[PDB]
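Architecture and fold: a report
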Amino acid sequence: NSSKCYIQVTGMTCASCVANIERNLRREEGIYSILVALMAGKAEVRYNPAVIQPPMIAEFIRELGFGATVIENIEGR
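Keep in mind that residues are numbered from 1 along each chain as the sequence reads, not by the entry's scheme, and that residues without coordinates are left out. Side-chain metrics in this entry use all non-hydrogen atoms of the structure; hydrogen atoms and water are not considered.

As stated in the entry header, the method of structure determination is solution NMR.

Right, here's the structure in full:
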């Protein structure tokens, strides 16, 4: 637990969209750190799959109409 989940978002280029997503994720009960790989069109959340659960993270992004796709790596490396 407390690991990295990778995400990609179909509109990373939309500047403030990532900043919105950051904040949104930041609050969530299990997120220790937000996404940032706008640079190349990825997102990297430090998440804690006990409370939150990875699909709920993905849902959270999709709420603002963003086509999120999610790559959970492993529960800790």
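1. Description of the overall build of the chain
Counting its secondary structure elements, the chain contains two helices and three strands. Helix and strand labels come from DSSP, where a helix needs a run of H or I of at least four residues and a strand needs a run of E of at least two; each type is numbered from the N terminus. Listing every helix and strand of the chain by position from the N terminus yields β-α-β-α-β. Taking 77 residues into account, the globule formula puts the C-alpha radius of gyration at 11 Å, and the chain, at 11 Å, falls close to it. Here the C-alpha coordinates of the chain stretch approximately 30 × 20 × 15 Å along the principal axes. Among the 77 residues that make up the chain, the fraction classed as buried is 34%. Pairs at least 24 residues apart make up 64% of the contacts formed inside the chain by residues separated by at least 6 positions. Distance between charge centroids for the chain: 7 Å, based on 8 positive and 8 negative side chains. The reference for a compact globule is 2.2 Å times residues^0.38; the radius of gyration itself is calculated from the C-alpha atoms. Exposure is judged per residue with a 1.4 Å probe applied to protein chains only, and the accessible area is read against the type maximum: over 50% gives exposed, under 20% gives buried, and values in between give partly exposed. Throughout, a residue-residue contact means that at least one pair of heavy atoms, one from each residue, lies within 4.5 Å. Counted as positive: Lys and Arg. Counted as negative: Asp and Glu, with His and the chain ends omitted from the count. By convention, the point assigned to a charge is CZ for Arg, NZ for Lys, CD for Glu and CG for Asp.

2. Observations regarding helix 1 (residues 16-27)
The end-to-end C-alpha separation of helix 1 is 17 Å, in line with the 16 Å expected for 12 residues at 1.5 Å each. All of the buried residues along helix 1 are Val-18, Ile-21 and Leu-25. Projection of helix 1 onto a plane perpendicular to its axis shows the buried side chains occupying an angular sector of 60°, all on one side. The exposed residues of helix 1 that point more than 90 degrees off its buried face are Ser-16, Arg-23, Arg-26 and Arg-27. Helix span, expected: 1.5 Å multiplied by one less than the number of residues in the helix. Taken from the helix axis, the directions to the C-beta atoms give the arc we talk about.

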